[PDB]
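There is one chain below, alone, in structure tokens, taken in the form deposited in one PDB entry.
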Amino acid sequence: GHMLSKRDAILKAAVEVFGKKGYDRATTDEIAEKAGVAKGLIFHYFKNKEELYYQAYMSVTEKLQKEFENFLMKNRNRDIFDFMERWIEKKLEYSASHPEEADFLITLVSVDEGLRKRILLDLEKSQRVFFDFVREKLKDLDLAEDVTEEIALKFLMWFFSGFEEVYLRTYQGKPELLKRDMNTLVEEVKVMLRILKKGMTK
């Protein structure tokens, strides 16, 4: 009759409390209470609140990276706009089905610059898999003689990652509204990717 290891129980309570209160306002005392472990047990596995936040963020993002590399290996041969639309759909569904993780990921803004930099350095290698793929797919595109692969890549990455920032924040704490607006969001995103393709290509 198995439960979560004490480390995974702690990381799950962390994700919940950090997502609710943010980094600065959350306490390891309430994370421990919520994990049903001794206050001293967090220090044992995690040393400080900062390191707890860091490992919880690495654990969630590693979960997402697996989803992605799954998707990537199956959809690699698609047209890139087609690829992005389908991936965005899949991320939308993931977020509505995992609201606590969604809420937790968006707290990265609130933390002090040294912790956020640390996380972004350590995430760069895995975020570069998607970045590098788009870059490579843009070679198979007829770019408007006014538009560099550089501006295309930049615009596309900003659309992809800004769209995520926007819905995670707009639907923070409101999964049923996200589910309610899902089909409209998906249709909006289709037309917008079509605007980009048209404006960007010959």
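Heads up, when I say rigid core I mean the largest set of C-alphas that superpose within 1.5 Å between the two forms. Residue numbers run from 1 along the displayed sequence.
Absent from the display: the form deposited in another entry. The rest refers to it.
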| query | finding |
| --- | --- |
| Shift of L72 between the shown form and the other one at or above 2 Å (CA, core fit) | no |
| C-alpha of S97 moved at least 2 Å between the shown form and the other one on rigid core | no |
| Did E145 shift 2 Å or more between the shown form and the other one, C-alpha, core superposed | yes |
